Number of protein chains: 2
Amino acid sequence: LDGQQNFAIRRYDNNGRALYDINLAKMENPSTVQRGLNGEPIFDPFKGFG
Amino acid sequence: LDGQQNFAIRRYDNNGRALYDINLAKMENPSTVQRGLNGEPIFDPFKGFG
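Residues numbered from 1 in each chain as written, not as in the entry; some residues may be left out. Chains lettered and ligands numbered in written order. Part of a larger assembly, values for the part shown. Heavy atoms only, no water.

- Method of determination, as annotated in the archive: X-ray crystallography, at 2.65 Å resolution.

## Here's the deal with the interface of chain A and chain B
Here is step 1: In this assembly, 12 residues from chain A lie in contact with 12 residues from chain B.
Here is step 2: Summing both partners gives a buried area of about 750 Å² for chain A against chain B, and 58% of it is carried by carbon and sulfur.
Here is step 3: Considering only the surface of chain A that becomes buried against chain B, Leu37, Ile42 and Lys47 of chain A emerge as the three largest contributors, covering 66% of it.
Here is step 4: Inspection of the region where chain A meets chain B yields 3 residue pairs in polar contact.
Here is step 5: Among the elements of the structure, β3 (43–44) and β4 (48–49) of chain A are those that each provide at least two residues to the side of chain A that touches chain B. (Contact = heavy atoms within 4.5 Å. Buried area = accessible area lost by both parts, 1.4 Å probe. Polar contact = N/O pair within 3.5 Å; in protein donor to acceptor, adjacent residues only side chain to side chain. Helix = DSSP H or I, 4+ residues; strand = E, 2+ residues; numbered from the N terminus.)

## Topic: the relation of the copies chain A and chain B
Here is step 1: Mapping chain A onto chain B is achieved by rotating through 179 degrees and translating by 0.1 Å along the same axis, at an RMSD of 0.1 Å. With respect to symmetry, the two chain copies, as superposed, fit the operation of a two-fold axis.
Here is step 2: When the interface residues of chain A are mapped onto chain B, 100% of them again fall at the interface, so both copies present the same face. (Least-squares fit on C-alpha atoms.)

## With respect to the packing of aromatic side chains
Residue and element names in this part refer to chain A.
Here is step 1: The tally for this structure, following the rule as stated, stands at 2 aromatic pairs over all chains.
Here is step 2: With centroids separated by 4.8 Å and ring planes inclined at 35 degrees, the aromatic side chains of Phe43 and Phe49 adopt a geometry described as tilted.
Here is step 3: The exposure class assigned to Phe49 is exposed, which follows from its relative accessible area of 59%. (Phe/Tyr/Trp six-rings, centres within 6.5 Å; stacked < 30°, edge-to-face > 60°. Buried < 20%, exposed > 50% of the residue type's maximum accessible area, 1.4 Å probe, protein only.)

## With respect to the side chain of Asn23 of chain B
All names here are of chain B.
Here is step 1: Of note, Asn23 is situated in the loop between β2 (18–22) and β3 (43–44).
Here is step 2: A polar side-chain atom of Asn23 sits 2.8 Å from a polar atom in the side chain of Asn6.
Here is step 3: Setting aside chain neighbours within four positions, we find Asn23 in contact with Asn6, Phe7 and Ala8.

Next up, the structure:
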């Protein structure tokens, strides 16, 4: 089934227009968030997440 | 000479009393700073460096 089926959770904007995919099977070298000194992830509204 | 000599750069407080030693040869599992999204290292005056 792995080499036969494809699944994801795509994000859509408020108008219902799709934005991006998030497909774990197609995710090549994924990453976790850079957490601060209190476990709070590093994030800028524009640059994104660390 | 690596197995015969030991060198470091020790940090002293304002009165001149030693605090710690940074010996690279004896440094077991060293680490680099966690930089933010602008390259600024994450640091708290009390918790230390990330």
